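Enquirer: Quick one: this structure, given as structure tokens, is what I'll be asking you about.
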Amino acid sequence: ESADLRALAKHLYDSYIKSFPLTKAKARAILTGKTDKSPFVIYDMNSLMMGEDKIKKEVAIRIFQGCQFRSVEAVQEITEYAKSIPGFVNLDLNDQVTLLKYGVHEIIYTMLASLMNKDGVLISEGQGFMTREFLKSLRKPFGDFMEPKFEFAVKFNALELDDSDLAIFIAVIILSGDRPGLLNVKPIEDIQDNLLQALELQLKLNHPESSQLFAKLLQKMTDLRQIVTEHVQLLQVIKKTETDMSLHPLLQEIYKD
Amino acid sequence: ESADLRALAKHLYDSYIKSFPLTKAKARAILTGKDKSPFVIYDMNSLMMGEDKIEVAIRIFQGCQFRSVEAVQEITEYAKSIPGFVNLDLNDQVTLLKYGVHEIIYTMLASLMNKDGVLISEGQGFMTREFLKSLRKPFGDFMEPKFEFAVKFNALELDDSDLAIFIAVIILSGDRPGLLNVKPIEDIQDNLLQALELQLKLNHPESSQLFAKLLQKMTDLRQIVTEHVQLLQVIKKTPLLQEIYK
Ligand SMILES: *[C@H](C/C=C/C(=O)/C=N/CC(=O)O)CCCCCCCCCCN=[N+]=[N-]
């Protein structure tokens, strides 16, 4: 039944709204210009100094630590979301941990796109906007930790997904039977089969004119995986050049591989 | 309607058979049973003997390079049979082939692999997985991740009919760097993906979301390709021939 699939789509959307305070719908309203929602714009060193004044070491470092503490929050929301995915919680505990471990970054970059356009990114729950050019300005190695994310975001935002589509997509990502060290792959794949079935129907109903959006979206997973590996290599460099610099344990457990 | 998709699937099948001499159906027959068993290479002495029937890790690696170059031409001919491919900007054609060939070489190599080895020399031979892994560094950890991909990929149980459209979808990727006119490429790929989807529903009616799982395998291909290129760069630190194989 299509109906069982629609109900699973409605359940995941609902749960996505409960888990993630800044939706794509909100992020777009802020970026697009729908008076009360307008962000303060950080494009240079003086703007940054003024940002603390209303928005919520050394500059590139302070910014980078800012993202790290923001990724940790995101891991906490994504983890909350995951428990809502039917069956995830019944999986062997080790696997739950493995799925989260490899799923969490791909999801972060998927949702980060929602906060992005060609020339910048939303910050402090949408109160701020930091320009892409200011971020690329940052002293090396931090100059280009964000560039690949912008590049993916511009391409990904071209699909015009809305939140109800993404809720199912990030579910399909978490429930990948193809992660290293999975003890029981089979229970994971039956859940994903179901999620994929629900995505498929949801894209066809919600995006009727968008030929092969399902396929086109699944190919994006390749771009996500590429982004993750590049970030890891960049982190390796930071820990060597900035030995003073501290990484959050939660993030540091995710990177152990 | 679907009749234009079925036409497309048969066309591509017919072209894939003409372009690739050793098909998956034929490679399977040999790996499992049914009529000359291949000369098996499992040891240094089997290799030596096998050259007569058909500076070690290096000889084997240059053979992989010779065969990959043969496969490039087979794939180029196939590509030209894909509707719309020859009508694309010539530079776009070279770019699609340039970046698409490694992914397809590994896709098709999976047809020639099982978990314990790979067929060589048009199926006249069989080089065992253990003897490849056995080879000194960095040649040992070289073929090992393709076996890993091939085991997972073969579990989808695709046949030649299916892979012919899949290969076509790979070649028509609009995200290759430096493309000049992405539109007609995406337009062809959209049409190929519709053809692949219908193929998999008719040909594998009980295999839920096979289309989706197959597309998910594109991630693994690109990961492998990127890993391969990183091993090549390390080999580069170990006459006319350099030129031919580049
Ligand atoms: C930051 C998004 C980061 C993505 C990412 O993957 C980062 N990884 C870092 C890592 O792995 O270590 C872009 C938005 C800019 C953030 C600026 C927010 C300011 C908050 C300050 C809070 N201060 N503290 N602590």
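To be explicit about the labels: the chains of the structure tokens are called A, B, and onward in the order shown, and within each one the residues are counted from 1, while ligands get numbers from 1 in the order they are shown.
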Write out as a PyMOL selection string each polymer residue whose atoms come within 12 Å of range 60-68 of chain A, counting only C-alpha atoms; drop sequence neighbours fewer than 4 positions from it.

Expert: chain A and resi 42+44-45+48-49+52+56+72-75+105+108+112+121-124+130+134-146+235+238+241-252

Enquirer: Taking only C-alpha atoms into account, which residues of chain B are within 10 Å of chain A, as an mmCIF file with N, CA and C atoms, in the first residue's frame?

Expert:
data_model
loop_
_atom_site.group_PDB
_atom_site.id
_atom_site.type_symbol
_atom_site.label_atom_id
_atom_site.label_comp_id
_atom_site.auth_asym_id
_atom_site.auth_seq_id
_atom_site.Cartn_x
_atom_site.Cartn_y
_atom_site.Cartn_z
ATOM 1 N N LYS B 152 30.043 -7.525 -2.780
ATOM 2 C CA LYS B 152 28.826 -6.802 -2.501
ATOM 3 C C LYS B 152 28.052 -6.473 -3.745
ATOM 4 N N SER B 173 27.192 10.931 -16.920
ATOM 5 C CA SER B 173 27.115 11.717 -15.700
ATOM 6 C C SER B 173 27.456 13.188 -15.952
ATOM 7 N N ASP B 175 28.028 15.514 -13.893
ATOM 8 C CA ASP B 175 28.908 16.098 -12.919
ATOM 9 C C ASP B 175 30.369 15.896 -13.200
ATOM 10 N N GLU B 186 22.497 15.148 -19.165
ATOM 11 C CA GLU B 186 21.462 14.866 -18.144
ATOM 12 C C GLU B 186 20.195 14.419 -18.806
ATOM 13 N N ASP B 187 19.863 14.994 -19.950
ATOM 14 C CA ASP B 187 18.671 14.547 -20.639
ATOM 15 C C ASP B 187 18.786 13.105 -21.092
ATOM 16 N N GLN B 189 20.781 10.898 -19.656
ATOM 17 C CA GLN B 189 20.903 10.023 -18.485
ATOM 18 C C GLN B 189 19.532 9.749 -17.873
ATOM 19 N N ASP B 190 18.705 10.787 -17.837
ATOM 20 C CA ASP B 190 17.318 10.706 -17.373
ATOM 21 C C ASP B 190 16.603 9.612 -18.155
ATOM 22 N N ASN B 191 16.792 9.630 -19.466
ATOM 23 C CA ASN B 191 16.198 8.608 -20.308
ATOM 24 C C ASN B 191 16.776 7.184 -20.051
ATOM 25 N N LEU B 193 18.005 6.178 -17.113
ATOM 26 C CA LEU B 193 17.593 5.798 -15.768
ATOM 27 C C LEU B 193 16.161 5.271 -15.767
ATOM 28 N N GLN B 194 15.298 5.903 -16.546
ATOM 29 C CA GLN B 194 13.986 5.369 -16.808
ATOM 30 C C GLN B 194 14.065 3.969 -17.430
ATOM 31 N N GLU B 197 15.367 1.410 -14.732
ATOM 32 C CA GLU B 197 14.326 1.190 -13.747
ATOM 33 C C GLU B 197 13.309 0.168 -14.234
ATOM 34 N N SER B 208 13.080 -6.026 -4.315
ATOM 35 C CA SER B 208 12.538 -4.728 -3.957
ATOM 36 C C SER B 208 13.602 -3.668 -3.948
ATOM 37 N N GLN B 209 13.253 -2.537 -4.558
ATOM 38 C CA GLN B 209 14.098 -1.358 -4.622
ATOM 39 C C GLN B 209 15.486 -1.671 -5.137
ATOM 40 N N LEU B 210 15.615 -2.653 -6.031
ATOM 41 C CA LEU B 210 16.910 -2.949 -6.677
ATOM 42 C C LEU B 210 17.550 -1.734 -7.382
ATOM 43 N N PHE B 211 16.719 -0.977 -8.085
ATOM 44 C CA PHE B 211 17.121 0.243 -8.764
ATOM 45 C C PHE B 211 17.874 1.151 -7.781
ATOM 46 N N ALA B 212 17.254 1.401 -6.630
ATOM 47 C CA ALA B 212 17.846 2.235 -5.579
ATOM 48 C C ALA B 212 19.171 1.698 -5.047
ATOM 49 N N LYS B 213 19.238 0.397 -4.830
ATOM 50 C CA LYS B 213 20.440 -0.239 -4.321
ATOM 51 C C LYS B 213 21.561 -0.156 -5.317
ATOM 52 N N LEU B 214 21.222 -0.265 -6.585
ATOM 53 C CA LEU B 214 22.198 -0.190 -7.653
ATOM 54 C C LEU B 214 22.763 1.210 -7.687
ATOM 55 N N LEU B 215 21.901 2.217 -7.552
ATOM 56 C CA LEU B 215 22.357 3.589 -7.607
ATOM 57 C C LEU B 215 23.249 3.861 -6.438
ATOM 58 N N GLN B 216 22.920 3.294 -5.282
ATOM 59 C CA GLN B 216 23.754 3.434 -4.102
ATOM 60 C C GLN B 216 25.135 2.854 -4.313
ATOM 61 N N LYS B 217 25.274 1.856 -5.184
ATOM 62 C CA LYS B 217 26.590 1.328 -5.478
ATOM 63 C C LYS B 217 27.497 2.343 -6.199
ATOM 64 N N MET B 218 26.943 3.391 -6.814
ATOM 65 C CA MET B 218 27.788 4.429 -7.421
ATOM 66 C C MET B 218 28.714 5.088 -6.433
ATOM 67 N N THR B 219 28.322 5.143 -5.178
ATOM 68 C CA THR B 219 29.157 5.702 -4.128
ATOM 69 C C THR B 219 30.412 4.878 -3.915
ATOM 70 N N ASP B 220 30.209 3.582 -3.771
ATOM 71 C CA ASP B 220 31.328 2.697 -3.656
ATOM 72 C C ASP B 220 32.241 2.785 -4.902
ATOM 73 N N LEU B 221 31.707 2.875 -6.121
ATOM 74 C CA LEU B 221 32.586 2.930 -7.302
ATOM 75 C C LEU B 221 33.555 4.078 -7.208
ATOM 76 N N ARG B 222 33.056 5.271 -6.865
ATOM 77 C CA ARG B 222 33.835 6.522 -6.880
ATOM 78 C C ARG B 222 34.855 6.569 -5.793
ATOM 79 N N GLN B 223 34.530 5.897 -4.697
ATOM 80 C CA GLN B 223 35.440 5.723 -3.584
ATOM 81 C C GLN B 223 36.609 4.856 -4.030
ATOM 82 N N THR B 226 38.837 6.671 -6.568
ATOM 83 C CA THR B 226 39.689 7.631 -5.899
ATOM 84 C C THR B 226 40.840 6.962 -5.136
#

Enquirer: Of the candidates A:81, A:43, A:129, A:102, which one gets nearest to ligand 1 if we count only C-alpha atoms and all ligand atoms?

Expert: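 Checking each of A:81, A:43, A:129, A:102 against ligand 1, counting only C-alpha atoms and all ligand atoms, the winner is A:129.
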
Enquirer: Nearest to residue 25 in chain B: which of B:206, B:144, B:227, B:157 is it, counting only C-alpha atoms?

Expert: B:157

Enquirer: So which one's closest to ligand 1, A:125, A:14, A:58, A:160? Using only C-alpha atoms and all ligand atoms, please.

Expert: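 For ligand 1, the nearest of the candidates is A:125.
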
Enquirer: Give me the residues near residue 55 in chain A as a VMD selection string, where near means some atom within 9 Å (using only C-alpha atoms) and where sequence neighbours in that chain fewer than 4 positions away do not count.

Expert: chain A and resid 40 50 to 51 123 to 124 127 to 128

Enquirer: For residue 140 in chain B, which residue among B:58, B:229, B:120, B:165 is the nearest when counting only C-alpha atoms?

Expert: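 Smallest separation from residue 140 in chain B among the options: B:58.
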
Enquirer: Between A:41, A:161, A:203, A:185, single out the one closest to ligand 1, counting only C-alpha atoms and all ligand atoms.

Expert: A:41

Enquirer: Using the chain letters and numbers from this document, which residues of range 2-241 of chain B does DSSP assign to strand (DSSP E), as a list in words?

Expert: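 Residues meeting the strand (DSSP E) criterion: residues 39, 40, 41, 113, 114, 117, 118, 119, 120, 125, 126, 127 and 128 of chain B.
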
Enquirer: Check range 5-206 of chain B with DSSP on the backbone and list each residue it calls helix (DSSP H, G or I), as number ranges by chain.

Expert: B: 5-19, 24-32, 44-53, 57-81, 90-111, 129-134, 140-154, 160-171, 182-203

Enquirer: Identify, on the basis of only C-alpha atoms, every residue whose closest approach to residue 8 in chain B does not exceed 9 Å; exclude the query and any residue fewer than 2 positions from it along the same chain; express the result as a PyMOL selection string.

Expert: chain B and resi 3-6+10-13+82-83+165+191-192+195

Enquirer: Would you pick out the contacts of range 39-50 of chain B at 10 Å or less, using only C-alpha atoms, so that residues sharing its chain but fewer than 6 positions from it are not included, and give the list as a list in words?

Expert: residues 56, 60, 117, 118, 119, 120, 123, 124, 125, 126, 127, 128, 129, 130, 131, 132 and 134 of chain B
